[PDB]
Protein chains: 2
Amino acid sequence: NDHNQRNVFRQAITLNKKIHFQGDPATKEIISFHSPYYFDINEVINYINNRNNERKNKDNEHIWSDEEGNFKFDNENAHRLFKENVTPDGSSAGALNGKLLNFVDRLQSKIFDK
Amino acid sequence: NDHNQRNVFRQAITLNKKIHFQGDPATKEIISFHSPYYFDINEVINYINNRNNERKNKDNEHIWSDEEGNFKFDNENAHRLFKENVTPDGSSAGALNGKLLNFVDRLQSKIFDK
DNA sequence: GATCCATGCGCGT
DNA sequence: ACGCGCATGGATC
């Protein structure tokens, strides 16, 4: 695996751990990658699959359209990339478009392994 | 230092084992890189030599063409790169274009080692 | 240290 | 726009 594939795996897990955590916001902000709370690993790939299909806008940023509407990709508003029914919007390839496709096939081989 | 040379080698062998598998599809999905199933090695070299000649279009997706017609390169169409007679249709060079020429030469020089 | 490889920037059609 | 050429860089042993 490369380093950007390694990075996206951590940003998937460290953020999915935050969303599924149902406590006070104070200890929500101390949640880390090494921290042991529940995270959905199927949505981790769903974050990666969309991060495999990025496309930036004219102003060097990512525009993403979901059933709620077209939204910016930033810190507050990246938690809605965890479902499969999310469509991208852009012209050129994203910062990780086509790079994480090999990372998906190794992950689903691990989960669906008997 | 061989990353791009690594995953194309493991993906070609893993996919070729599912192609030549003649059993129930329940145990076809559990076929992996370390699984002891038969794969034709001349198709594996053909697949890597084909991905040496990739040509991604404007949409950063690699369109190919065989005798049945042009096809997108995806998981279900990745078996069509095992044949030699495929020609790419693309506006620009692919992600692995010209990157595995030395990988193929080292692969062929070892297969015909008596 | 060298080999190998990849990413990038510049100049050409 | 894409292709080729060159340069920088870093991954290892």
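Can you spot a residue in segment B:83-105 that is surrounded by fewer than 14 Cβ atoms within 10 Å (Cβ to Cβ), part of a loop (DSSP other than H, G, I, E, B), within 14 Å of another protein chain (Cβ to nearest Cβ) and within 16 Å of DNA strand C (Cβ to nearest atom)? Write out each step before concluding.
Residues of segment B:83-105 surrounded by fewer than 14 Cβ atoms within 10 Å (Cβ to Cβ): B:83-85, B:87, B:89, B:91-92, B:98, B:101-102, B:105.
Filter once more, keeping what is part of a loop (DSSP other than H, G, I, E, B): B:83-85, B:87, B:89, B:91-92, B:98.
Narrowing further to those that are within 14 Å of another protein chain (Cβ to nearest Cβ): B:91-92.
With within 16 Å of DNA strand C (Cβ to nearest atom) added as a condition, the list becomes B:91-92.
Within segment B:83-105, one or more residues are surrounded by fewer than 14 Cβ atoms within 10 Å (Cβ to Cβ), part of a loop (DSSP other than H, G, I, E, B), within 14 Å of another protein chain (Cβ to nearest Cβ) and within 16 Å of DNA strand C (Cβ to nearest atom).
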Subject >> Failed item in (1) charged (D, E, K, R); (2) more than 14 Å from chain B (Cβ to nearest Cβ); (3) in a loop (DSSP other than H, G, I, E, B), with A:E54 passing the rest >> reply: (2)
Subject >> Condition broken by B:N70, with the remaining ones in (1) over 14 Å from the mean Cα position of the chain (by Cα); (2) part of a loop (DSSP other than H, G, I, E, B) satisfied >> reply: (2)
Original post:
Under 6 Å by Cβ, and 6 or more places apart or on different chains, what pairs join a residue from segment B:1-19 that is away from chain A (no Cβ under 12 Å) and surrounded by 18 or more Cβ atoms within 10 Å (Cβ to Cβ) with one that is of a type in the set (S, T, Y) and not in a helix (DSSP H, G or I)?
Top reply: B:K17/B:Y37
**OP:** Spot the failing condition for A:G23; the list is (1) in a loop (DSSP other than H, G, I, E, B); (2) of a type in the set (G, A, S); (3) within 12 Å of chain B (Cβ to nearest Cβ), and only one is missed.
**Re:** (3)
Original post:
Could you list, in sequence order, the residues of segment B:1-58 that are basic (K, R) and either touching a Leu at 6+ places or on another chain (Cβ under 7 Å) or within 16 Å of DNA strand D (Cβ to nearest atom) (or both)?
Top reply: B:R6, B:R51, B:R55, B:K56, B:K58
Original post:
Restricting attention to segment B:40-47, does a residue exist that is within 12 Å of chain A (Cβ to nearest Cβ) and more than 16 Å from DNA strand C (Cβ to nearest atom)?
Top reply: no
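When residues of segment A:72-87 are filtered for being of a type outside the set (A, V, I, L, M) and in contact with a helix residue (DSSP H, G or I) (Cβ under 7 Å, 6 or more places away or on another chain), how many remain?
Of the residues in segment A:72-87, the ones of a type outside the set (A, V, I, L, M) are A:72-77, A:79-80, A:82-85, A:87.
Next, only the ones that are in contact with a helix residue (DSSP H, G or I) (Cβ under 7 Å, 6 or more places away or on another chain) stay: A:79, A:82-84.
Going through segment A:72-87 one residue at a time, the tally reaches 4.
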**OP:** Just give me the residues in segment B:50-76 being surrounded by fewer than 20 Cβ atoms within 10 Å (Cβ to Cβ), in contact (Cβ under 8 Å) with a residue 24 or more places away in the chain and more than 15 Å from DNA strand C (Cβ to nearest atom), in sequence order.
**Re:** B:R55, B:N57, B:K58, B:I63, B:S65
Subject >> Matching residues, segment A:81-106, being within 19 Å of B:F73 (Cα to Cα) and of a type in the set (K, R) >> reply: A:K99, A:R106
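From the list A:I31, A:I63, which residue is among the hydrophobic types (A, V, I, L, M, F, W, C), touching a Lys or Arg at 6+ places or on another chain (Cβ under 9 Å) and not in a loop (DSSP other than H, G, I, E, B)?
Working: A:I31 fails: not in a loop (DSSP other than H, G, I, E, B).
Of the residues listed, the single one that is among the hydrophobic types (A, V, I, L, M, F, W, C), touching a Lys or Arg at 6+ places or on another chain (Cβ under 9 Å) and not in a loop (DSSP other than H, G, I, E, B) is A:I63.
Neighbour counts are summed over all protein chains in view; Cβ atoms, including those assigned to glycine, are modelled from backbone coordinates with ideal geometry. Read the figures in this text as sums done on the coordinates, not as results from a lab.
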